[PDB]
Every structure is written in C-alpha cells, then in structure tokens.
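Participant: Here it is, the structure in full.
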Amino acid sequence: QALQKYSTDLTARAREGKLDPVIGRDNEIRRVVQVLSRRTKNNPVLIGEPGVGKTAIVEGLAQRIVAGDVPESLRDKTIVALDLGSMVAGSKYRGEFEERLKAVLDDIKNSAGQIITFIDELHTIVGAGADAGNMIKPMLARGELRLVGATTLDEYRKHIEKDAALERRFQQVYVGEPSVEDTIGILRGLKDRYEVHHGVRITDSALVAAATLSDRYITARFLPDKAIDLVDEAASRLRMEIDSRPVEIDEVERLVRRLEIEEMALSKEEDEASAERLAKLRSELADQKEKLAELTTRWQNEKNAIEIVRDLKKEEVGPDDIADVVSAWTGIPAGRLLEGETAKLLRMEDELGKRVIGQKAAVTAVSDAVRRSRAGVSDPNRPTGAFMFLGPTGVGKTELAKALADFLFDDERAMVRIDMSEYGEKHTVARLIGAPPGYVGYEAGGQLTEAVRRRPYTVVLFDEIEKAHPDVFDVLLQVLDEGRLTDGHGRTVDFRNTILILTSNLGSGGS
Amino acid sequence: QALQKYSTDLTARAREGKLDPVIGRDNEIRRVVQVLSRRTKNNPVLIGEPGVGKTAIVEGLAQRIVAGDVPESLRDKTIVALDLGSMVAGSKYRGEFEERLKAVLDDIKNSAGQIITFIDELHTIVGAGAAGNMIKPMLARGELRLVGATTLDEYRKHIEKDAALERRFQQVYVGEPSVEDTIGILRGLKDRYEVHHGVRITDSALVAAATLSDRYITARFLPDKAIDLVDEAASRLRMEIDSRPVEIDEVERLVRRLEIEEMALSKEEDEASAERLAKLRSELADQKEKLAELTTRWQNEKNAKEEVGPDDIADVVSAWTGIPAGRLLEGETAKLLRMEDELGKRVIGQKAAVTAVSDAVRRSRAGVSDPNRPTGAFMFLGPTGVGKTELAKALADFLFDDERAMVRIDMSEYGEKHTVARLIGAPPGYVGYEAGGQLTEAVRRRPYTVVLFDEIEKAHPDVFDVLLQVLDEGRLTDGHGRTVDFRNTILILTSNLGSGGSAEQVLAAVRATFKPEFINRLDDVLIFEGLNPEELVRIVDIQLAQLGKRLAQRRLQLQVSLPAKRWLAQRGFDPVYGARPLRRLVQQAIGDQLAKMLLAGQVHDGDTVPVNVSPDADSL
Amino acid sequence: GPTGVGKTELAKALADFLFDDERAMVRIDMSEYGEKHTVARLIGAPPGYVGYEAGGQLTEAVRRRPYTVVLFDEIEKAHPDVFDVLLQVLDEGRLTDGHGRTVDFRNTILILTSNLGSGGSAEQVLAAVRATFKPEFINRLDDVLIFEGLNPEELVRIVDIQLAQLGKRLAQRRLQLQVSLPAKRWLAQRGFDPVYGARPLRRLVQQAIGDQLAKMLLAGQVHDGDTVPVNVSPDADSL
Ligand SMILES: Nc1ncnc2c1ncn2[C@@H]1O[C@H](COP(=O)(O)OP(=O)(O)OP(O)(O)=S)[C@@H](O)[C@H]1O
Ligand SMILES: Nc1ncnc2c1ncn2[C@@H]1O[C@H](COP(=O)(O)OP(=O)(O)OP(O)(O)=S)[C@@H](O)[C@H]1O
Ligand SMILES: Nc1ncnc2c1ncn2[C@@H]1O[C@H](COP(=O)(O)OP(=O)(O)OP(O)(O)=S)[C@@H](O)[C@H]1O
Ligand SMILES: Nc1ncnc2c1ncn2[C@@H]1O[C@H](COP(=O)(O)OP(=O)(O)OP(O)(O)=S)[C@@H](O)[C@H]1O
Ligand SMILES: Nc1ncnc2c1ncn2[C@@H]1O[C@H](COP(=O)(O)OP(=O)(O)OP(O)(O)=S)[C@@H](O)[C@H]1O
C-alpha cells in the first residue's frame, strides 16, 4: 500500500491510451525484454544522448505488455514508475526515509515478481540519503527487483560509474539516434495526435520536409524530436492564423496604430527642428495605410472566391510553413524568395554600386554566389562563399566586405570581424579556439567560435591575412571546404551558412 | 530475541540449499578459517575489486560449516548476517538506535562463542548515528568475530580514515581468477541455469563464453562477466523456443508497419508525393518475397535449435559492445568479396590503397589478425586533391551505413604542446576534469568506430608520442586511470609531405619529419599517384549525379549531352590541383546560369533542362 | 638502444614468469607526462580539491600489493620534474604522495626504457644519456644496459616463435600450418633491413601467409579442421 503513495502506474496509463504510440526500435525492445527475464542481475539501463528516445522505449514496452506481444515470462505484469522526491519529501527525523524505502522494497519483494520497477534518471539515486540508494544492492544482485532505468550518456559517467560496486549490477543498452528515413516513419505514425490537438491538417510532404530540413540547420540537437518541434510550431501558428486575421496584416495594423499614436503627439511640438521629422512620419504613415488597404482588399478577393467555389460545389501546414519555422529559428533564411526578395537579388550589383565604384568583377562574383545559395543550387555542406580578393591600397577591398555585409542585414556591426594583424606569433591561435581543459581561461570558449555559434548567418572578415604567422592558415585549412572547427569544450561549430572573406595586399603594383 | 529481529541466518539459509556452488577458492577459505580461529582480534575482512567474488566465499564457508569440513573450533557456529539498514529505521527518538545496537551486541556477547557476525559492505558502519562507534572495545577483546567484505576503494575511502578501527581488522586480498579457473567455475553453475530455463547448455559454449568475454568486454572482472553471456543466451533461446523465432519476427513487424504507412499515404491529395509512394510498395513487395521464402524454409527445417551453441555467445557479445564477433553470417561473405569494387563507386583509381584497406578488413573479420593490436593503422599521403580524405570517409560509409559515424579530429589545431590535455583530459585537481578526454571518451563508448587524423604533419612533434602506444599496443589512459581499448578500430593518418616527388622525395620528408620508432609501428605507408586525364570522366559523371540528386528536390533532372560531358573534363584538369578545379568549373558553368534562370521564372519546377555545348561555353 | 630489438618484451617476459601473467605489472606510459603539472596523477591530488578520493595512480597500485614490477616506457619523453620525484625512490626506498602518507618501493623491480640517440655504439648514446638525466640519478641505478641489433642467424628462431604464435592463434577454429623449411628460411631471408628491428617480420608474415589465408578461408574450400601446407614459388608463397 506504500507503492500507491510513492509510485504511479504505467500500464494502468497505457491501457487508457494516455501514452503516445511507439514506432520501430525493435532490437532495443527485444534486448530489454531478454535482459529483463534472466535469472540473476536482471535489470537493464537505457543509455544514450538526450532526445534519441529512452522513455518512449519503456512506454512502448508497456503498450506491448498491455497488448500481449511479450513472451510467456512477462504476461500480465505491472510496470511501476517510482518517484524518489515524494519519498524524501517529509523525512526530517533520523529514521523516516530509510524505513520508507525499506517498506517500499518489502512491498516489491512480497509479490511473486509480478512488478517491474522503473526509475527514470536513476543517476539521482546515488545520494538521496543525507547513504541511501545503497541498501538496494543486496536485492539488485540477487535479482528480485527488475529495475529498468534510463539516463543520459554523460550522467552515467559522472554519477554512477563513480560507484563501480553499483554499476556492476546494471546491464547497459546503448540507444543510438535514428536516421532521417526512420524519423520520417516515426513522424508519419505520430502526426494524427497533433492533427487532433490543433484543429488543422498536416500534409505528408510537410513531414518529409521537416525531417530532411532539421538535419542540416539545427546541428545542436538529435533527431527523433528535432523535427517534431517544427511540426508542432507550424501547426500552432497555423491554428493562430485560422483564428483571427492572419499575419502580414496583423503586423501592418499594429505598425499603423503606433505611427498614428506617435504622430498625434508629435504635432503639438512648439519647435523648428521637429517640424522636419513630422514631414516624414506622415509620409510613411500614408505609405503604410496604402499597403494595408491593398492587403485587406486582396484578402476579401481570396476568401470571396473560396466561398463562391464552395457554394458552386492556407488551411493545412506545408513544406514552406516548416521552412518559415526553421527560419525564425536560427535566423537562417531558407524559404522560396516570396516575391519581395527576388527583385532585390536581381538588382543586386546596382545596390552595391551605391557604395563601391568599379570592381565589377568582384561585385559580380559576390552577387553570383549569394544567388547560387538562395536559389538552392550550391553544395549543401560547404560555406556559401569563400574567396580571397586582393590588390593595391585605397582600392575598395575592405569597403566591399562592409558594403556586402550591410544590405544583407540592414546593419553594419552585425558581422564578425577579426583583423589578423595581431596574430603575428603562432601561439595567438588560442585566441580564436580557446584554451584546452586545465588552464586559466577555459570557461570562456573561443571568440570566433562563440560568435558564429550564436548567429550562424553573419559574414566573417579576415583583414590583412598576410600579416599573420604562417601557421594560422593551417587552422583555417578546415574552416574552408568543410565549415567546421572545434574548441576546448569539444563542441563543433559549423561555418556552412557564412561568407568568408580574406583581404590582403600582396604584389601591390604587379600587373 | 533481537538477533532474529534485526538480522537473518546464513547457516539456516544454506541448510535448505538456497545458495549456489562455490567450487574453487581453497586458500581464501582456509585463511578465513585460520584467522577466525584466533584468540584476540579474530575478525577478517575480504577485500578486492567489485565482482571477483567476496560474498560467495562466505557462502562457501557457510556451506562448508553445514557439511562439517571445518576444524574443531568451528562446529555448529550459525553464522549471522547483520542488517544495519533496519536498525536505523523508524528510530526517530533520542536513543532508540543506540539501545537497539547495544541490545544486539549484548545478545551476541551472551552466547559463549557461537555467533559469527557477518556485516556485508561494512564501510557503511562508520556513520548511521545522526554511533556505529560503540564497537571498538567489543572488538579489541576477541569477543566479536565480524566477518566483512568491502570493495578495494571504499575501504580506503571510509575506514582508513579511522586508523583506530583498521587496527582491529585482518585483510584478506581476493584476486581475480583466470580463464581456466573461470571455465572450471562455469562447469559447475550450468545446471542451475539449465534448470531455470528449459534449455541445455554446451561445454563448447561454456568455454567460448570465457575465452571471448576476456578479449572483448574489458571493463569488468572475470568470474562473472562470463556468466552474463550464458544467462542471456539462455533467455534468448527460451524466447526463440517460444512462439516465434527471430529474423522472421523482424520481417513481419516491418511488413505490418509498411502496410500501415502505405494504406494512409495512398489517399494523399498531392503530386509531389506521387513518387514517394512508388517505392514504398516496391520495398513492401521485396520484403514480402523474403518473408514468404523464410516462412517456407522454416516448414522445411521443422519437418526434416534446442541448446545454446558457441555462436550464440558470439551473437550476445555482438549485441553488446557493438563489435561484430559472430562467424560470417551469410550475406556478409559476399559483401566482403565485393568490397573492392563497391568502394570504387566513390573513389576512382588508387586501387593499391583500396586493396590495402580491404585486406585489413577481410583478414580481421576472418579471424587471422593479431588480437592485441588495432585492426589496421596505416598512413597514406600524396599530392593534393587526390582522394585521401574521400577514401577515409567512404570506408566508414558502408561499414556503418552512416557518414557521421566516423570519429574525426583534425590536427591543424593541435599545433602547440599543451593541446594534448585536449584529447586526454586534465589531471585530478584542475578546472576541466569531469568532461574527460575528447578522443578517449568517444571510443570508450561504442569501441568500433573509425578514427581519422587529418593533416598529421601540422601537429607539434609531441602529439605523435601520444599515438606511440595507440599503435602497436592499442591503449591510452585518460586523466582518470581508465585504460581504453583501441585493439579493434581502424586508424587513418593523412598528410601532404613532399607533394613534388615520385617516391624518394616523399620518403625522405617522412623520415626527416617523423621518428623511426614511429614509422615502424605503422602498416603500409601508401602513396597516391595523382589523377590522369582519362579517368576524369568517371569523376565528371559522379559530380553530375551528385548535383542531380542535390537539385532533385523539385524534379529538375538535367539531360547532360555527351559533348558537354566531354568538354567539362577536357578543361578543368590541372596536374597540380587535383580535382577541385572541376568542382569549381561545374558551378561556374551550370551553377550560376541555372541560378539566374530559376528565380527569373521560365524554369519553374517539374521541368527538365538540357545542356548543350556552345562554341566556347555551354548553354542551357 | 635501437628500435624493435626487445627492450619492452623483456620487462614483459620477466613478469610473465615471476607472476604467470604478463598483466601483473604496473605499466605506465611516460609519453603522456609532457607537462609540469602532470605529476599530480601518478602521485594523487592534495586533500580535497577535485579528485582527492581517487588517490594516486602509481603509489596506490604498490601500496596495496607491494611486489609488482614497475615499467616506465619512454622515460626520455617525460618532463624534468617527474625525475626529481622518482629520485627519492632510490637510496631511500619510500615515496610520499599528495595524500600525506608514505609508500615503500623496497620489494619492487624498477625498469626504465628509452630510445636516446640510436646512432652510436656506446659513446654517443651514453653521452646523450649523461646529457639529459642527472649524474646523481644515474649512479644510483644498476647497469645501464645497451641492446644490440639483430643478425640473420638470430632471426630464424624469431620466425619460429612468430609461426608458433600464429599456430596457437589458429587453434580456435582448429587449423594448423605445415611450414616447409624453404619457406621458413625465405621468411627470414627477406625482411632484414637492420634499421627497423624485428617489426617488418610481423608485417611480412601477415602480407604473405595471413592475407592469402584469410582470402581463402571465407571463400569456402578451406573450411575448419583440416591442415594447410605452405611452400615457395619463384617469389611468393603458394598454399
Ligand atoms: N520510436 C519512437 N516512436 C515514436 N515516438 C518516438 C520514438 N522515439 C522517440 N519518440 C518521441 O520523441 C520524443 C523523445 O522524447 P523522450 O524519449 O521522452 O526523451 P528522452 O529519450 O527520455 O531523453 P531524456 O534524456 O529523457 S530528455 C517524444 O515525443 C517521443 O514520443
Ligand atoms: N571604389 C571605391 N568606391 C568608393 N569608395 C572607395 C573606393 N575605393 C576606396 N574607397 C574609399 O576608401 C576608403 C578606405 O578604403 P579601403 O577599401 O578601406 O582601403 P583598402 O581597400 O582596405 O586598402 P588597404 O590595403 O586595406 S589600406 C573609404 O573611405 C572608401 O569609401
Ligand atoms: N568461486 C566461485 N564459485 C562459483 N560462483 C562464484 C564464485 N565466485 C563468485 N561466484 C559468482 O559470481 C558472482 C559474483 O557475485 P559476488 O561475489 O556476490 O560479487 P562481490 O564479489 O560481492 O562484489 P561486490 O563488491 O559485493 S558487487 C555471483 O553470481 C557468484 O555466485
Ligand atoms: N579519386 C577520386 N574519386 C572521386 N572523387 C574524388 C577523387 N579525388 C578527388 N575527388 C573529389 O575531389 C575533392 C577532393 O577532396 P579530398 O580528397 O577530401 O581532398 P584531399 O584528397 O584530402 O587532399 P588534401 O591534401 O586533403 S587538400 C572531393 O570533392 C572529392 O569528392
Ligand atoms: N630479442 C627478441 N626476441 C623476440 N622477439 C623480439 C625481440 N626483439 C624484438 N622482438 C619483437 O619485436 C616486437 C617489438 O619489440 P619491442 O622489444 O617491444 O620493441 P622495443 O624494444 O620497445 O623498441 P621500441 O623503439 O620502443 S618500438 C615484439 O612483438 C617482439 O616479438
């Protein structure tokens, strides 16, 4: 009766359909089943990096038990999910939590073995005493409590392996991350639940696109769920739009209201210099009211036509809604050039010519490399542009790197700029990679690394590349042509969406 | 009346035969007896690594007492097993625990010399107060026999800090058994598992599960890391002797799910998903074929296994630790023979290097390779843009069927001496100490990957001295005392020394930049030979296929003509820059042209575009 | 001395018969102690910083079982501070660690190893030895032995040893080889560059016998149990 107080039930939740379906991953289920049924020391532990699916496997095993697909030695067994915080909640006195846990263990052992224990994140059991989480050792080794567990691949090493007399009683089951083709199947089988939670519909191409697109942009997470987030956010945004009026009318209305409020207060300014700013505010206000009227008129035409066709006879998420989600995330633009960017990209060499005069070849070569990437033609695993341009002084080779970095971002200080005139000695490389573990500045990372990692779309400039020691080129050797360097902490950063630019002054006069 | 309240009875538990055989370990039991039969300070302590067997020795002593093989002054002693976890339980008051302990000690002392207290994991006796200290006077008089057993580390971490205590204790070191002793032990315990599971166990399996777990699984000790293989092979054979076997219970589960997916992908009101259903059904039929064939052959075999064999243990050790340890299941022996021409699908030329790589896999798999040495570690070098990294990525692309499964470090960043702590970790007592190594901690888990050292020459010549034992011994220790196992990976070392000689210049640069004791541990030092204008067409078509697959996301296959496919290889061939000028020329010719075409309308998706060679350029 | 001549396999052969297992020695690889602060791992951290409970790496393996032979691979590549620590092991007998205890190396067999110079008979190599170490640390050791190169006569016995090793390894699948004396002397005739020691013999074995055997074995026709002879051709060894 203490199991009721200090444990919830898992099969009693899987029987009422309150668990999500589990798809694939048969080898791991079979290994867990065949480890959970041996004579002694019969308790596995699902180990692996976070996100790959480790509680989903236990819930799939519970659903399989409820269905009856398990072997004879597991028919009609209840899975119990222990909770340790609720056992340490009130234990002030010197002998409360110990007898609590002992009563729980006695209630488990009293049964004929008709109970399968399940502690998730079992790395939290090494303490909990003050000494506890250690009296379980006699029963673990004898095999009287079948203890399925699951911990991260580096909480094990940090908490359990430090008690090598305990991690002997556990059998490890390595759960690797799935591939894109298996993520597609998982999504296919898992979509009709979000389809119900949000009153929308989800196209299958929108499931292929999520899995194939969240594998090359979001490189900091793993991939049974790195796409489910895209699908969920797309569905939620589409539901919001299915509610009151959609986007890009909801922005212009808010903007016009604010401009009106500002103009109604800037009018009563007894000044001479502020009367000039009130002459542009009204202009932009009228310009915005124009666009808002045009949008609200086109909206009625679309809806009107739809209703007409319905009486005569943008309502489901799509592969571009997924793209808009993954573009609001990470800031990287991967869309379809929605009629506002195509014109700008076509008149590109004419807007760089407003700040750089001449250098037609360089301007054309940069504009021709931005479009090969926006049009979806460039190599998907390489920087979108990496070229070194050089010449005599006062020519424009630093201006162009600052003229290109402007109209792409509407700003000027939005590019990561390091000037290699200070890297004269070869030991200064650590200034862009960090210090290896065990030195003074280590909990700071690199300076280029931790600047590209935060926004992986800015352009990077290497001024005066010739002035550096001839051993930093070797460091750059793999940034180019692959877009990847590491740091002290071991985390890889991807330079696969940035435009690298290296200026220099060699020759200086040669034809 | 408190002993039975707060303890149990090992002798009673063994009289009913609730224990296992303890065959072996004569000297340890003899020493335990002769120390227990002392006059004063008669209390031993079994000590050793976790898993070698330290409670089994006490269980054997109990069985031996019950049998009557002990000397005179041990007859009818009734060993008792104390449980301090119950003494401090609900003792929420001011003196309850102290008085419980005192009553138990008095009850033990009142018996003349019968009770032999046995506290397991006695390191937990230091605290428990708020006590556990009212035992030293009872101990330094010979009145308490206190048999105990703690691991080799928790002893010095908890008890050596109490030098008053450890003086009243005898230490009995229990070393681990060897492979022959492990086999002898296994031959006695097989009956218990043969009874628990309705299965028979073979002696060949018993000896394989001891000679194999000593080689592959090296993180635990070896009276018991061999028992698990038997205990899991038995469970798997029981599950198989149950309703359905395996490798049919996979095809069935896969076909069911494929049907469920096809039944719901058919009514998809789309045009882009039309070719995505045109292969699901193909794969489903190709799977039903194999399902039917296996289900038919099953009836043949059932009209025309029953006990665990020697390869079932191999299958268990292969499911564990990742490593393939089985014996050439069919479909593999054809893959390994096709290897040499299957790698040529991505790497053209360099057939010497291809053969030298495949010959280290076909050997280590057949089982003729050296066990205590990596399965191949060779450094190949040559000019630039030739394929040396492409080969290292294409090798690990069909051993694991996943490009990212390779362990890739690039030695361009290990330019200075102190960057060694970056792939090994920091010593005990510094800032980054929990994260461990970077190369170490990536092999200790899943020890079957391929390791790539890119531009080995760019590193400070003190990092080679760390790889000096990775080669020829396959082991390095991180900043934790954890010797990892490199004996079954494939090491690859790329470089660019010389780049301007046939063989003598590069072999002089190698001997001038490396040490002889380093060049000696290596396998064949392969030298690539540069590309020839003839076989560049086989690279042109691979690049074109790659580009096609890349832009196939919108159904834009190109009909590249033969004169264009020839022009793309006529120029763009440099005898100095390899094949990267070709990659650049492809996007200078087709890339920017199609990019201008595409976003200015007139090339809307679903269309096919032909290329044709103009007088100088080529038009779309 | 030179490379591949038997320096390491002697420290592994002494323990092999003093303990009946080549894994009963404390083999630490001194090629990783190339930094000054790396002394903390083979001695232990001070009381209570990050790793006090772990204790030393060298001192602990001998405080618990003080009869082990201790090997130091590539002592030349260490830092000139671990020598100042290992010094007090000699002419004293004991070693104190960061914990604050004292451990006695009075029953161990210290063994060092290096590859200094490798260019002179004894004069250049012993000058190099006297140049990097300290003379007060050298007059405490026993004989500073120099190992000799291999000769074609001392190589046929090594071929016999390697063939015995290969045969013992092929006992799992129950195979055994028949090596004709022409092949047994050809394998020693080739692979005698007197600059790389005995290593090239291992590679020649795997290239000649092992590769052919492993290509035949999984192509059927050499199924387990039976024996196989090896004979000589103009150049190669046909099986
Ligand atoms: N095989 C699978 N079939 C269906 N859904 C799956 C599968 N694997 C994972 N998922 C889903 O993907 C998500 C993964 O979440 P969890 O598995 O709960 O995270 P986790 O594996 O427990 O990792 P941590 O360490 O606990 S955060 C959940 O939404 C699961 O429902
Ligand atoms: N073609 C050009 N069009 C417009 N401004 C230019 C042009 N060339 C140079 N300038 C001006 O020159 C100034 C600095 O030129 P930079 O391009 O920064 O010099 P640079 O090209 O980097 O040469 P070095 O070798 O680095 S000093 C700015 O004020 C630019 O506006
Ligand atoms: N001499 C032996 N004969 C037969 N079985 C043995 C022998 N020694 C150990 N075993 C078995 O091997 C396993 C070892 O378990 P234990 O000895 O209880 O572990 P341990 O030595 O107590 O180590 P810890 O620190 O308590 S986890 C058990 O299944 C024993 O039954
Ligand atoms: N033999 C080849 N077969 C197929 N593709 C090749 C071949 N040689 C080169 N390539 C291609 O040309 C490029 C060469 O890249 P890598 O082989 O990685 O360069 P590399 O051989 O490592 O030379 P370095 O010294 O690293 S610059 C890649 O895009 C390869 O796909
Ligand atoms: N005298 C010898 N007798 C038998 N085998 C030998 C002898 N010398 C070398 N070998 C073989 O050569 C291989 C390596 O020899 P080692 O003695 O380990 O090299 P070493 O003395 O450490 O030299 P280095 O420069 O450190 S690699 C071993 O596998 C031995 O079988």
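Naming scheme: A, B, ... for chains in displayed order of the structure tokens; residues 1 onward per chain; ligands 1 onward as shown.
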Which residues are near residue 436 (chain A)? Cut-off 9 Å, only C-alpha atoms, ignore same chain within fewer than 3 positions. Put them as a PyMOL selection string.

Facilitator: (chain A and resi 430+433+439+441-442+487-489) or (chain B and resi 418-423+425-426+432)

Participant: What lies within 7 Å of region 219-224 of chain C using only C-alpha atoms, ignoring chain neighbours under 3 positions off, as a PDB file with N, CA, C and O atoms, in the first residue's frame?

Facilitator:
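Dumped to selection32.pdb:
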```pdb
ATOM      1  N   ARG C 173      39.713 -22.027 -34.387  1.00  0.00           N
ATOM      2  CA  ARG C 173      38.993 -22.685 -35.467  1.00  0.00           C
ATOM      3  C   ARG C 173      39.597 -24.040 -35.815  1.00  0.00           C
ATOM      4  O   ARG C 173      39.153 -24.678 -36.775  1.00  0.00           O
ATOM      5  N   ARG C 174      40.600 -24.488 -35.055  1.00  0.00           N
ATOM      6  CA  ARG C 174      41.206 -25.814 -35.208  1.00  0.00           C
ATOM      7  C   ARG C 174      41.898 -25.965 -36.563  1.00  0.00           C
ATOM      8  O   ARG C 174      41.668 -26.928 -37.296  1.00  0.00           O
ATOM      9  N   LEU C 175      42.750 -25.002 -36.892  1.00  0.00           N
ATOM     10  CA  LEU C 175      43.626 -25.087 -38.051  1.00  0.00           C
ATOM     11  C   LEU C 175      45.081 -25.123 -37.600  1.00  0.00           C
ATOM     12  O   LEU C 175      45.441 -24.641 -36.524  1.00  0.00           O
ATOM     13  N   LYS C 215      41.813 -14.740 -47.368  1.00  0.00           N
ATOM     14  CA  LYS C 215      41.024 -14.652 -48.591  1.00  0.00           C
ATOM     15  C   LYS C 215      40.529 -16.027 -49.016  1.00  0.00           C
ATOM     16  O   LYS C 215      39.482 -16.149 -49.664  1.00  0.00           O
ATOM     17  N   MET C 216      41.271 -17.078 -48.666  1.00  0.00           N
ATOM     18  CA  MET C 216      40.809 -18.428 -48.964  1.00  0.00           C
ATOM     19  C   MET C 216      39.752 -18.886 -47.965  1.00  0.00           C
ATOM     20  O   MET C 216      38.794 -19.575 -48.333  1.00  0.00           O
TER      21      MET C 216
END
```

Participant: Which one is closest to residue 239 (chain B): A:70, A:58, A:119, A:465? Count only C-alpha atoms.

Facilitator: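 Looking at the shortest contact to residue 239 (chain B), the residue is A:70.
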
Participant: Could you list the protein, DNA and RNA residues that have any atom within 9 Å of ligand 2, counting only C-alpha atoms and all ligand atoms, and write them as number ranges by chain?

Facilitator: A: 353-359, 390-402, 463-464, 503-505, 508

Participant: May I have the residues within 7 Å of residue 51 (chain C) as a PyMOL selection string, using only C-alpha atoms and disregarding those fewer than 4 positions away in the same chain?

Facilitator: (chain B and resi 428-429) or (chain C and resi 45)

Participant: With only C-alpha atoms and all ligand atoms counted, collect every polymer residue having an atom within 7 Å of ligand 3; state the result as a PyMOL selection string.

Facilitator: (chain A and resi 165-166+168) or (chain B and resi 20-25+49-57+150-151+185+189+223-224)

Participant: Rounded to one decimal, what separation in Å do you get between CA of residue 56 (chain A) and CA of residue 255 (chain B)?

Facilitator: 21.7 Å

Participant: So that I can see what lies close to residue 256 (chain B), please list as a list in words the residues with an atom at most 12 Å from it, counting only C-alpha atoms and leaving out residues fewer than 4 positions away in the same chain.

Facilitator: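 With the cut-off at 12 Å, the set is residues 23 and 24 of chain A; 249, 250, 251, 252, 260, 261, 262, 263, 284, 285, 287, 288 and 291 of chain B.
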